[PDB]
Amino acid sequence: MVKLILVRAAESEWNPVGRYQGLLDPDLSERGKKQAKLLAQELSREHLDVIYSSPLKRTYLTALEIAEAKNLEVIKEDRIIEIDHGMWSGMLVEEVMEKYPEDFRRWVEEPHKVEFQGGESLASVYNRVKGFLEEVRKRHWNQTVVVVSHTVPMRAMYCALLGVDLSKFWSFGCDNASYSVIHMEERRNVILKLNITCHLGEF
Amino acid sequence: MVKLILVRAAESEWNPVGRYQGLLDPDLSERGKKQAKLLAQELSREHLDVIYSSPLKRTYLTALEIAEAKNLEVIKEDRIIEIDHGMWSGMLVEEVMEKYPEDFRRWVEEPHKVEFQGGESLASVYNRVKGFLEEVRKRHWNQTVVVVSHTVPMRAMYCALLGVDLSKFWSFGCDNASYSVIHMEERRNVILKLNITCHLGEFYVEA
Ligand SMILES: [Cl-]
Ligand SMILES: [Cl-]
């Protein structure tokens, strides 16, 4: 099997105020930098074979702490980059709700149908992360793989892994510096642990 | 929303050797007794409104610790009882694999089509836990509900909660004295946390 460890980036400077980032690239927050160290300590217990990360700072810096703790390299991977939120990028959740209430409603209620104006469709995110996961399954069979990514590609990944409709997108928790443990087996994928944050304690 | 905390019984005497219990009723192991206390300690940190438990000892004893820590009464619920494993009940996994390889293969490969001889179907389990969850959603809106159950009903519950086929049965981890946090929202259910065992520390066993 593949032991797949799916990690969300530690907290960015934009997360606590709820500003959509998409492809935009803020640094980790001070809290985030601490979260990443704690997560790296937590994952140091495991034998790791490979670490993939979205190339954006928040993910890459999180990946780098895990790699440094285990003396591995980080392999950048564009296919697990955050969705292009288009015009939402730079906007607070409250601003989106006020300026684009109907688009916000579609996002919450029927995420699978969304295409961000000036940006990417959720279908597109699903396609790219699924392709990545298929290649990982083949290439890294019988290994432990860490994948450092963001909310939207991660939630799409859970849909692909379970073989469920993209409409189930919101049914998975995805907190900063969390990890999930998936076993990619011969006939199915198994979510053994989802959205673990215990290592963060107070953070 | 409903904050639904789905808990698997702490370790029974039969869990570490892999003997199928079903409706057979073994005690918690000494380790499991400690697990239940650690879990109860963990869940004592937040407000709980109601605790439902399968009436089998392994679940009920786990539920009793959580209930006592919060000044609640355990509500016995037959609809979250373990599947009737029928002829497998009392057999080790390796014995089942040896004696009934075809039925074991069906169990692993196509769980949604399984029915244990002298026992219950997986479809039956799905039906009864789904009805239970529907009633919980209506009765306990804006409350925190603990449900103490077993691997098979819990896995069926995840299928029902996600509104997905019973063929996804095996795709969810379910360890002794673990908890999952689900939000039952208006339009969907969200698995916020699945199969959390961090509170157990050195007393955590996968198996
Ligand atoms: Cl989001
Ligand atoms: Cl089982």
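Both backbone and side-chain heavy atoms feed into the values below; hydrogens, waters and symmetry mates do not. Throughout, protein chains are lettered first and strands after them, A, B, ... in sequence-line order, and every chain is numbered starting at 1.
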Point to revise | Which portion of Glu109(A) sits near chain B, non-hydrogen atoms under 4.5 angstrom | key: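 Both backbone and side chain of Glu109(A) come within 4.5 Å of chain B.
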Would you say [X] has more than 12 foreign heavy atoms packed within less than 6.0 Å of its [atom1]?
X	atom1	value
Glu94(A)	CD	yes
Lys34(A)	NZ	yes
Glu95(B)	CD	yes
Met87(A)	CE	no
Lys57(B)	NZ	no
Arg105(B)	CZ	yes
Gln117(B)	CD	no
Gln41(A)	CD	no

Check your understanding: Non-hydrogen atoms of chain A under 4.5 Å away: do they reach the side chain of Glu206(B), the backbone, both or neither?
Key ->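 Just its side chain gets close to chain A.
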Check your understanding: Quick one: what part of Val181(B) sits under 4.5 Å from any heavy atom of chain A, side chain, backbone, both or neither?
Key ->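 Neither; nothing under 4.5 Å.
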Point to revise | Nearest-0.5 Å distance that lies between atom CD in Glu185(B) and atom CH2 in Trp170(A) | key: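 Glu185(B) atom CD to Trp170(A) atom CH2 measures 10.0 Å (nearest 0.5 Å).
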Review point. Any sub-3.5 Å donor-acceptor pair from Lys168(B)'s side-chain atoms to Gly163(A)'s backbone N or O?
Key: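 Present.
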Point to revise | Contact winner vs chain A - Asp165(B), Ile182(B), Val108(B), heavy-atom pairs under 4.5 Å | key: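 Heavy-atom pair counts peak at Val108(B).
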Exercise for review: Could you tell me which residues in residues 13-24 of chain B have at least one non-hydrogen atom under 4.5 Å from a non-hydrogen atom of chain A, sorted by residue number?
Suggested key: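 Residues in range: none.
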Review item, side-chain donor-acceptor pairs of residues 189-199 of chain B, under 3.5 Å, at least two apart:
unit_1	atom_1	unit_2	atom_2	d
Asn189(B)	ND2	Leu161(B)	O	2.9
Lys193(B)	NZ	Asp175(A)	OD2	3.3
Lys193(B)	NZ	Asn195(A)	O	2.7
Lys193(B)	NZ	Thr197(A)	OG1	2.8
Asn195(B)	OD1	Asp175(B)	N	2.9
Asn195(B)	OD1	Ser178(B)	OG	3.1
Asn195(B)	ND2	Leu192(A)	O	2.9
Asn195(B)	ND2	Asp175(B)	OD2	2.9
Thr197(B)	OG1	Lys193(A)	NZ	2.9
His199(B)	NE2	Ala177(B)	O	2.8

